[PDB]
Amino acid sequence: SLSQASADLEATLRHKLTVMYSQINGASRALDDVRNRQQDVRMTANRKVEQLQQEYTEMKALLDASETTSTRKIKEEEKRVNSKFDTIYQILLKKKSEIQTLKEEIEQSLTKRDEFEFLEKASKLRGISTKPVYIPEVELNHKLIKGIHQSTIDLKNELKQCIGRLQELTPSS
């Protein structure tokens, strides 16, 4: 009756051996499941990080636009007054040339001065006093220039406050 209880045992074990492969295989498919699950959260996270970076590149480009726009305003205010000074420079230079020219004529009219004919030739030259012209004041717009800087500082402060309202929405670790 004992070779029968061993046959009974052998019978129960080989059927317990088969239930064991269905659960070893079941475990292996559960392992693949979590590896695939955690691979999915990587792709999900990397894509959102990649989407964040594309937003901040747009923002950095807005700032570049604002910066070159503000420096263009300042540099065009510079060239506005510096061009008005350039027309003034050329007026004063022309006025300086008329005086330089006429003085040279007087200087070489007085080298032929003891020729009897000096008077008739030089009575014309005492009369010309071509010295006049009025120049209006040119004023660099300091308020405009300094205001661009002041409200650019304001832009930075409200950017810092904007950032703060964003990060406070989510926990940090």
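Each residue number is its position in the shown sequence, starting from 1.
Visitor: Test of understanding: from the entry's C-alpha B-factors, which stretch has the higher mean, 99-107 or 74-82?
Guide: Comparing 99-107 with 74-82, the higher average CA B-factor belongs to 99-107.
Visitor: Between 22-30 and 112-120, which has the higher average C-alpha B-factor in the PDB entry?
Guide: On average, C-alpha B-factors are higher across 112-120.
Visitor: Quick one: which of 141, 54, 130, 44 shows the highest Cα temperature factor in the PDB entry?
Guide: When the deposited C-alpha B-factors of 141, 54, 130, 44 are compared, 130 is largest.
Visitor: Among 145, 125, 62, 135, where is the Cα B factor highest in this entry?
Guide: Comparing C-alpha B-factors across 145, 125, 62, 135, the top value belongs to 125.
Visitor: Compare the C-alpha B factor of residue 16 with those of the other modelled residues in its chain, then answer lowest, middle or highest third.
Guide: Highest third, going by the recorded CA B-factors of the chain.
Visitor: C-alpha B factor of residue 163, ranked within the chain: lowest, middle or highest third?
Guide: As the PDB entry reports it, the C-alpha B-factor of residue 163 lands in the lowest third of its chain.
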